[PDB]
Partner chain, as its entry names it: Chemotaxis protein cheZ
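Single chain ahead, by itself, as structure tokens, in the form solved without the partner chain.
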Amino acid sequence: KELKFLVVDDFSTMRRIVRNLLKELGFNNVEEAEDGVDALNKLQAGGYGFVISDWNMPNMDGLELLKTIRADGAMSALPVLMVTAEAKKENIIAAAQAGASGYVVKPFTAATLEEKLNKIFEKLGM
């Protein structure tokens, strides 16, 4: 599957981990973004096929980034995997209403990530 991923997380250590987990699953075309604003700049360049986004981030959080993607004429169907942390239980109902493609709690292993990605590829038909 030739898919270009965008990994968005305000902690540089976590972006690196997720990127290396994707590399182990065979995905080598992975770009990183620091928050929702940075993510908008990368997405506008085009070519992205999947977004993995942390929920809590400064400047623009994962929910506002999701809602922006979903309102965009060309990118409204872009899959978005929402990432939450044990620290805070998020407003899942709002992400579900905005069309999140799925949810996963970090930290996660490549095995868990693979199972989440396979489930989304199947449910959406990618």
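Positions refer to the first chain, counted from 1. Take the two forms, superpose them, and find the largest set of C-alpha atoms that agree within 1.5 Å; that set is the rigid core.
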If you average the CA temperature factors as listed in the entry, which stretch comes out higher, 74-82 or 58-66? 58-66
According to the deposited model, is the average Cα temperature factor higher in 24-32 or in 38-46? 38-46
Against its chain's modelled residues, does residue 100's Cα B factor rank lowest, middle or highest third? middle
Record-listed C-alpha B factor of residue 87: chain third: highest
Ranking every modelled residue in this chain by its Cα temperature factor as given in the entry, which third contains residue 13? lowest
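Another form, the form solved in complex with the partner chain, is not on view; read the next lines as being about it.
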Contact between residue 17 and the partner chain in the entry with it bound at 4.5 Å, heavy atoms? yes
Residue 25: heavy atom within 4.5 Å of the partner chain in the entry with it bound? no
In the entry with it bound, which residues of 35-57 put a heavy atom within 4.5 Å of the partner chain? 54, 56
Once the two forms are fit on the core, has residue 19 moved its CA by at least 2 Å between the shown form and the other one? no
Once the core is superposed between the shown form and the other one, does residue 109 show a C-alpha displacement of at least 2 Å? yes
For residue 90, is the CA shift between the shown form and the other one at least 2 Å following rigid-core superposition? yes
At a change of 3 Å or more, would you call the C-alpha separation of residue 90 and residue 50 in the entry with it bound closer or farther than in the form supplied? farther
Working note: in the entry with it bound the C-alpha atoms of residue 35 and residue 89, off by 3 Å or more, come farther
